[PDB]
Structures are given as C-alpha cells and as structure tokens.
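Just one chain is shown here, as structure tokens, and it is the form deposited in one PDB entry.
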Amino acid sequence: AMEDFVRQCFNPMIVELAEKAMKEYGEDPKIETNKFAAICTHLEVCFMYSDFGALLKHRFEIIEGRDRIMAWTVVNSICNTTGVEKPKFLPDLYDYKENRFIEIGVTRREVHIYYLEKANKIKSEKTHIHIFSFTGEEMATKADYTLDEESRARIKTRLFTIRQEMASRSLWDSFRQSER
C-alpha cells in the first residue's frame, strides 16, 4: 500500500515512532495509511531541522517524537531556567540562539493558508511558526527562517523527493487531497 512505501522510505526509528503514536490512540496504520505517511514525514522534518544546529553545539531541542511526560518535562525544564512563557500545546522544537519555541508545519495546501490555520490555533503563544510545503515553498513568522539556506534546501529537497516517490507509485493524488 502506502504502508509499503512508508516502510521502504523512512528510517525505522521514525516508523516505530509514528506507529506507536497511532496505535496508542486507537488508529490503525494499515487503514489510516495517508495519515501514517504524514506523521513520518512531519517527524523526519522535525529531526532534520534539529540536526542542522562550531561554537553552539546542540542549538535546538526536540520535543516532537518524545512521549508527553518527557515532552512537558523538557518544556518545563526550559521554561524554569530561561523565563519564556509556557505554551498551551506541545510545540516541535526549542531554539537556544533566538530563545523561542518552534512549531513545524508541513502541508500539501498553500503555505500562507496552512500558516494562518496554525497561527489561529496558537494565537496566545509567542511561538515561532515555520511552514514547509512539498513545492519548495516555506513561510515563517516575521519571515525569520531561523536556518541558513543550505539547511532549508536540504529539507525542501527531502519533501519534494517524498512527493515524487509517491507520485511515482500513484499515491500522491490520494495523499494530496487528504490533508485535515
């Protein structure tokens, strides 16, 4: 299915993680296959982002992909010893150079469309939003893209490749029309 492609095209850590997320909350990766793909994809971006970051070793902190006990434990740890307000939801990363949380968005829609939807869901938070499409289009609050272009090129390419792999297997049209 989709399932095969997912298994073929994402490192096991990411698959295992995706599956547990879905199975925990009663969702079947054999059935909600497009969703399975989307979780993997988002998680991989979240990791790739935090990889890219010789003086500030470990620029980013990863909150996505952890369980919620660890997640809030991390969030709370950061809040106590910096001052930064507590977010209502668990966001994806924390940034130590710019001292702000990041919410990572990946969308098969338009970027400004998805951007708005997320900014509406987290109106009360000073959280940086960065949105990636599968078209090499991004959008970031106050157009502060946080990463150097090299790092952003890498991400855009991974996404475009995922799209073209799916398209290659006649999986893209299903996937595209299945967001939200």
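Here the rigid core means the biggest group of C-alpha atoms that line up within 1.5 Å when the two forms are laid on top of each other. Start at 1 with the first residue shown and count on from there.
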- Query: C-alpha RMS from this form in 7 other deposited structures of this protein, rigid core superposed: larger for 20-28 or 164-172?
  - Reply: 20-28
- Task: Name the stretch that deviates more in 7 other deposited structures of this protein: 147-155, or 65-73? Use RMS CA distance to the shown form, core superposed.
- Result: 65-73
- Message: In terms of residues present in the deposited sequence but not modelled, what lies between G136 and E137: none, 1 to 3, 4 to 9, or 10 or more?
- Response: none
- Item | Stretch with the greater mean C-alpha B-factor as recorded in the entry, comparing 84-92 against 104-112 | 84-92
- Task: Can you let me know which of the two, 38-46 or 138-146, has the higher average C-alpha B-factor in the entry?
- Result: 138-146
- Item | Identity of residue with top Cα B-factor, from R66, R154, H130, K123 | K123
- Report the third (lowest, middle or highest) to which the CA temperature factor of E165 belongs, ranking only the modelled residues of the same chain. lowest
- Query: Which third of the chain does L159 land in by C-alpha B-factor: lowest, middle or highest?
  - Reply: lowest
- Item | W172 CA temperature factor, ranked by third within the chain | lowest
- Message: Quick check for you: using the entry's CA B-factors within this chain, is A71 in the lowest, middle or highest third?
- Response: middle
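Although not depicted, the form deposited with a small molecule bound is the subject of the following passage.
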- Message: At 4.5 Å between heavy atoms, is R66 in contact with the small molecule in the deposited complex?
- Response: yes
- Is there a heavy atom of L171 no more than 4.5 Å from a heavy atom of the small molecule in the deposited complex? no
- Taking heavy atoms and a 4.5 Å cut-off, does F47 contact the small molecule in the deposited complex? yes
- Message: How about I62 - does it come within 4.5 Å of the small molecule in the deposited complex, if we only consider non-hydrogen atoms?
- Response: yes
